[PDB]
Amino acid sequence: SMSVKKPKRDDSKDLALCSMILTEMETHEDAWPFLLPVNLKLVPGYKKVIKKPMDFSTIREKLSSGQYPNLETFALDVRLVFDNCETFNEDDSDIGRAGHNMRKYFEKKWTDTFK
């Protein structure tokens, strides 16, 4: 509360660590469904069904222009990519399985980096 300061973690490296985590995502071989925004004019149903589209390049742009206030909002956009994926794809499709793989890949790097 007011004048009651909780001891807080060092966040000076958060930007560089999130950038390196995103780089590992972008270079993962299963990252192809998520590198670029879903083409709303070439895919039937996505614009209406998916109310918050998100992809790695948009996350990269928001990270490179100071649009994430903290690292929690960064992980929100990353998880939004895979939440959208589950909403729109079957689990045993190539894209649906890539999302599950990429999500598990992310959450371990998130724990190994900040926890």
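Don't overthink the numbering: it's just position in the shown sequence, from 1.
Stretch comparison (29-37 versus 42-50) by mean CA B-factor in the PDB entry places 42-50 on top. Annotation for 67-75 versus 52-60: the higher mean temperature factor (C-alpha) is found in 67-75. Split the chain's modelled residues into thirds by C-alpha temperature factor. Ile21 is in the middle one. Among the modelled residues of the chain, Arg9 sits in the highest third by CA temperature factor in this PDB entry. Ranked within its chain, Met102 lands in the lowest third, by CA B factor from the PDB record. Among all modelled residues in its chain, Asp83 ranks in the lowest third by Cα B-factor.
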